[PDB]
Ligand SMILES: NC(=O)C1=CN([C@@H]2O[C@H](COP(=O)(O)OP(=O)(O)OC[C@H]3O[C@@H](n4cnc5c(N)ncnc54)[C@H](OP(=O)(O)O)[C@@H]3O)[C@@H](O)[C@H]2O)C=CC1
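Okay, here we've got a single chain as structure tokens, the form solved without this ligand, with questions on binding and movement later.
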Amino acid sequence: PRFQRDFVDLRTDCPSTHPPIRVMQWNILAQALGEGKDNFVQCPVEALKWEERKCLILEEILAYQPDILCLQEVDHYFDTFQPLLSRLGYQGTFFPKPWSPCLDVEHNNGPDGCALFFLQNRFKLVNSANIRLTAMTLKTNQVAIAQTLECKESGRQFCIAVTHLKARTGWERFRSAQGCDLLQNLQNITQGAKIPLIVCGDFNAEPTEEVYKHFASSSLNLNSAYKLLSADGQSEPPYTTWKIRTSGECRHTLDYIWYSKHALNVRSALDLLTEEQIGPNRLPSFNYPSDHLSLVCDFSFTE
């Protein structure tokens, strides 16, 4: 089973008063893409059944109990995730790509896109922002959702954001422009970095790309939460996705959870799977519904 990852007690060291905020980042893998476009040559097709992956994703959410849920590649929002998660208290909003590649697949379930769930009993929605990312006025196919939430017990406001940049190789400059557009939007929505901000998303980029450099050196004072897992707390994890395609076995770190370095403490982080644990055929499989591992962290304000 995949339920073998541990939460590492982390950096805060403060006794801090308020209850933690669970934030989950995950590329749940689209069903249309997993069947048509994705080239999982080692994964059985019976493991890729929709009714099967549907339950595993639900079991993943039930296991970690997130207060906030950021998702990429959701092509079954209205079919599955919205009515079920609302029955568990989650308020959610959906924003599909204008030209999703899922439509290229024969028996597709419509467009895929970002999704943002949050416990309605824990947070009050302040403002919405469906952002179509642009590269110097050029409307891109990619999409982001920014929202301000108020803690009903504290009154502390903060912003969460979910995105999914341009995928393949040869789009580094394109992704870099996409990231800059999102940064400019978040700088406006957070009222000039006056309110804390958390950014989840499949950036489709290694830490070496310029898009990562822009986020790491942004004036929003952001930091990658999963870096704290490393020995120095300065290194991005060795992977966030691991799969074998027609091209070959692929192991990349593309998922991130950015946060206000000055206003947010990372209480914990769900550690990764070892090679012996993930199995030889890698992700996905009978025991995991996606080629991406979910990122889960506990956040907390600095007082």
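Heads up: residue numbers just count along the shown sequence, starting at 1.
- When the other compared entries with both flanking residues are checked, residue 10 is modelled in all of them, not unmodelled in a third.
- Compared with other deposited structures of the same protein, residue 23 does not meet the criterion of being unmodelled in at least one third, since all of those that resolve residues on both sides include it.
- Between the stretches 289-297 and 17-25, it is 17-25 that shows the larger average CA temperature factor.
- The PDB entry reports B-factors from which the mean C-alpha value can be compared for 135-143 and 157-165; the larger average falls on 135-143.
- Per the deposited record, 128 carries the highest C-alpha B-factor of all listed residues (224, 204, 128, 184).
- Among the modelled residues of the chain, residue 39 sits in the highest third by CA temperature factor in this PDB entry.
- In the deposited entry, the Cα temperature factor of residue 235 sits in the middle third of values across the chain's modelled residues.
- When the modelled residues of the chain are ordered by C-alpha B-factor, residue 176 sits in the lowest third.
- Sorting the modelled residues of the chain by their CA temperature factor places residue 273 in the highest third.
- When the CA B factors of the chain's modelled residues are split into thirds, the value for residue 152 lands in the highest one.
Form solved in complex with this ligand: not shown, discussed below.
- Of the heavy atoms in residue 103, some are within 4.5 Å of this ligand in the bound PDB entry.
- None of the heavy atoms of residue 35 is located within 4.5 Å of this ligand in the bound PDB entry.
- Mapping the unseen interface onto this chain, residue 167 counts among the residues with a heavy atom inside 4.5 Å of this ligand in the bound PDB entry.
- The closest non-hydrogen atom of residue 224 lies beyond 4.5 Å of this ligand in the bound PDB entry.
- Here the chain stands by itself, but in the bound PDB entry one stretch of 36-44, 49-57, 230-238, 274-282, 36-44, has heavy atoms within 4.5 Å of this ligand.
- For the options 204, 163, 176, 148, the residue carrying a heavy atom within 4.5 angstroms of this ligand in the bound PDB entry is 204.
- Residues are counted as partner-facing when one of their heavy atoms sits within 4.5 Å of this ligand in the bound PDB entry; in 111-142 these are 141, 142, in sequence order.
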